[PDB]
């Protein structure tokens, strides 16, 4: 039997996931998260929001894998755009992710690097290829690129410029890299999907509140379309 973990960071990001799947979910509390466990097209689906940021998302992903035995993890949510071609509501799949706020440069380590790890964490090529295939069938744009994750909500030109110069990131959020990292450590295939909610600039807070609902729904709808192919 196939077991698939579906994650968002905020409750608002999983609201449309639960609604779009529409099946009956059993609620299972563990480690301060609530896991929604259902069956859909012969697959067991386990849905949770982690809460915001790297520690929360690391915890929840580890719980998904260890406690619920998922074989794939699909993340859905919203993100800040760092590139002109990614506009509000546009979808991006992360081919690599970085923890942009990691700094061990005192020991001459490059920014983003931690010993016994790597700057860039890879996601599943087979899932990313699937995303590309179905986006083409749907005639919807889907960009591929690097996503930068850190424990700050980015809302300045200066920090955007750093993310582009240092990591060639296309989008910024606070959980993708930690989710992808956990999945790498456990050998679990991962896809990270984001819809743009803001431009990570001085107006980001306002844009985020305006577009969270729609952008979350766009990501969630696409995630469902991926699960339909598994």
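Residue numbers count along the first chain shown, from 1.
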Exercise for the section: Select between 116 to 124 and 81 to 89 the stretch whose C-alpha atoms have the higher average B-factor in the entry. Expected result: 81 to 89
Problem - Greater mean Cα temperature factor according to the PDB record, 63 to 71 or 168 to 176 - result: 63 to 71
Fill in the blank from the handout: Split the chain's modelled residues into thirds by Cα B-factor; residue 49 lands in the middle
Fill in the blank from the handout: Sorting the chain's modelled residues by C-alpha B-factor and splitting them into thirds places residue 138 in the highest
Exercise for the section: Please place residue 95 in the lowest, middle or highest third of its chain by C-alpha B factor as given in the entry. Expected result: middle
Exercise for the section: Just say lowest, middle or highest third for the CA B-factor of residue 76 relative to the other modelled residues in its chain. Expected result: middle
Exercise for the section: Would you check the entry's CA temperature factor for residue 199 and let me know if it's in the chain's lowest, middle or highest third? Expected result: highest
